[PDB]
Amino acid sequence: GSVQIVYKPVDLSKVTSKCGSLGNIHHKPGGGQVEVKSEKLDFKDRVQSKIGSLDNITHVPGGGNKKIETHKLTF
Amino acid sequence: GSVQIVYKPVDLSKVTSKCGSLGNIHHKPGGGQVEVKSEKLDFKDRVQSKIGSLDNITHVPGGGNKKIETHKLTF
Amino acid sequence: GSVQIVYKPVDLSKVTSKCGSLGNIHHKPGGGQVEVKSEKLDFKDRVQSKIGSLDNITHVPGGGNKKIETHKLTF
Amino acid sequence: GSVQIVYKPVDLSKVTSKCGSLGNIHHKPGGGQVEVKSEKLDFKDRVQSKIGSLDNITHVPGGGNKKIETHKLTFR
Amino acid sequence: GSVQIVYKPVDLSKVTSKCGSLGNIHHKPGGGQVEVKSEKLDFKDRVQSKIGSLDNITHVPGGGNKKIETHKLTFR
Amino acid sequence: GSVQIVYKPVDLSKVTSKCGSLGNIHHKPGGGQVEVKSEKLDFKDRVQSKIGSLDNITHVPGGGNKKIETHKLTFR
């Protein structure tokens, strides 16, 4: 007899990452005044000082996608 | 007799990651005044000083997606 | 007799991760005044000092999705 | 007998709009899947047959104000 | 007897708009999948058969304001 | 007996728009997939058959304002 195979899979799927800060309204972060007085300090070894007032950051190592959709027909 | 195989899977799936500080309204974070005074300090070893007032951060190692969807027909 | 196989699964699934700070209205966090006076301290070993007033953070290692949907027909 | 008509309406109306920004607008429809099986599709008079098509309008006026005003005088 | 008609309507009205920016407008419809199977498609009078088309309009006027005004005097 | 008609309507109205920027407009439709199978397609009178087309309009006037004003005087 005859054989018919009709292999017609359909994909409309929507994998998405929405990461960080994306839809905020009137966000308005404010830093206050900062004062740093330093007279007779002694540092004998390596120094990594940071001074700021507003340190506003969005950092995203994340998000990203893997989509793996493999098809096989064996007769 | 005859054979018919119809292989029409349908995918409409909508998988999503929504991560961090997304849809906020009038967020308005405020730092207060900061004062550091330092006379005669001694440091024999390595220093990682941070001074700020508002340290506003969104950090996202996360979110992100994996979709694995394999299809097989064997006659 | 004749054989018909009609393989028509349908996927409309919506699995989602919602993580961090997503829908706040008039959030308004406020840091107070901060004062740090330091006279004659002695540090013999490594120092990791942090001074702030508002330390507003969203941190998200989490969220994210795995979807695994494998389809097989064997005749 | 005689007729005097004095049609003197006076209009000082305002219709006004102030806007700081019309921002981000994201019109992104999707058709999904549609399947029709038959022996016939058979349409005979004024049929608005609309299988799986999309009709999409984005209208974004910076101000969209309307004033509609009709003055009628009829005499017989 | 006699008829006097004085028709002197006065318009000093304003229709106005002020806008700071029309920003980002994204109009991105997607058609999906459409399938039609038959022995016949058979259309005989004024049929608007619309299988899987996209008909798309973007209309973004810096001000879209309308004044419509009709004056009618009718005499018999 | 006499008729006097004095049709003297006065218009001093304003229709106006101020805009700071017309921004970024991204009209980008995509047609997806359409399939029709049959032994006949058979169209006989005023048929607007429209399989899988894209029809796209982008109207962006720096001001798109309308003043329409109609005067009629009818006398018998």
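Since chain E takes its numbers from Swiss-Prot, the residues it shows come out as 621-696.
Technique stated in the header: electron microscopy, 3.2 Å.
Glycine is no exception: its Cβ is also placed from the backbone N, Cα and C atoms.
If you look up Swiss-Prot, you'll see E:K628 (among others) marked as ubiquitin cross-link. For the recorded site, E:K628 (ubiquitin cross-link), the DSSP three-state label reads coil.
Non-local neighbourhood of E:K634 (ubiquitin cross-link): empty, since no residue in the same chain at least six residues away has a C-beta under 8 Å from its C-beta. The ubiquitin cross-link annotation in Swiss-Prot covers E:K634 (among others).
As annotated by Swiss-Prot, ubiquitin cross-link applies to E:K638 (among others), with the evidence given as similarity to another entry. In three-state terms derived from DSSP, E:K638 (ubiquitin cross-link) belongs to an extended strand segment.
The ubiquitin cross-link annotation in Swiss-Prot covers E:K648 (among others). All protein chains shown were included, and the count of other CB atoms within 10 Å of the CB of E:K648 (ubiquitin cross-link) stands at 16.
The Cβ of E:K660 (ubiquitin cross-link) lies under 8 Å from the Cβ of no residue that is in the same chain and 6 or more residues away along the sequence. A strand conformation is recorded for E:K660 (ubiquitin cross-link) in the three-state DSSP classification. Here Swiss-Prot flags E:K660 (among others) as ubiquitin cross-link, drawing on similarity to another entry.
Within the same chain, no residue at least 6 positions away in sequence has its Cβ under 8 Å from that of E:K664 (ubiquitin cross-link). Per Swiss-Prot, the feature ubiquitin cross-link maps to E:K664 (among others).
Look at E:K670 (ubiquitin cross-link): DSSP puts it in coil. Residues or ranges marked as ubiquitin cross-link by Swiss-Prot: E:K670 (among others).
Look at Swiss-Prot and you will find E:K686 (among others) tagged as ubiquitin cross-link. For the recorded site, E:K686 (ubiquitin cross-link), the DSSP three-state label reads strand.
In three-state terms derived from DSSP, E:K692 (ubiquitin cross-link) belongs to an extended strand segment. E:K692 (ubiquitin cross-link) counts 14 other C-beta atoms within 10 Å of its own C-beta, drawing on all protein chains shown. If you look up Swiss-Prot, you'll see E:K692 (among others) marked as ubiquitin cross-link, on the strength of similarity to another entry.
Residues annotated as glycation site in Swiss-Prot, with experimental evidence given as evidence: E:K664 (among others).
If you look up Swiss-Prot, you'll see E:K670 (among others) marked as glycation site, on the strength of experimental evidence. Non-local neighbourhood of E:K670 (ubiquitin cross-link): empty, since no residue in the same chain at least six residues away has a C-beta under 8 Å from its C-beta.
Using a 10 Å radius centred on the Cβ of E:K686 (ubiquitin cross-link) and all shown protein chains, the other Cβ atoms total 18. Sequence annotations record features per position, and here Swiss-Prot assigns glycation site to E:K686 (among others).
Look at Swiss-Prot and you will find E:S622 (among others) tagged as phosphoserine, backed by experimental evidence. DSSP assigns E:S622 (phosphoserine) to coil, not to a helix or a strand. Residues near E:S622 (phosphoserine) in space but far in sequence (CB under 8 A, at least 6 apart, same chain): none are found.
Taken from Swiss-Prot, the feature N6,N6-dimethyllysine covers E:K628. Neighbour list (E:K628 (ubiquitin cross-link), Cβ cut-off 8 Å, at least 6 residues apart, same chain): empty.
Marked as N6-acetyllysine by Swiss-Prot on the basis of similarity to another entry: E:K628 (among others).
Summarising the annotation, Swiss-Prot assigns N6-acetyllysine to E:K634 (among others).
Its Cβ taken as reference, E:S641 (phosphoserine) is surrounded by 16 other Cβ atoms within 10 Å in the chains shown. In the structure as shown, the Cβ atom of E:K687 (site 'Not glycated') sits within 10 Å of 23 other Cβ atoms. Candidate recorded positions: E:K638, E:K648, E:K657, E:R666, E:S673. Nearest to E:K692 (ubiquitin cross-link) by Cα distance: E:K638.
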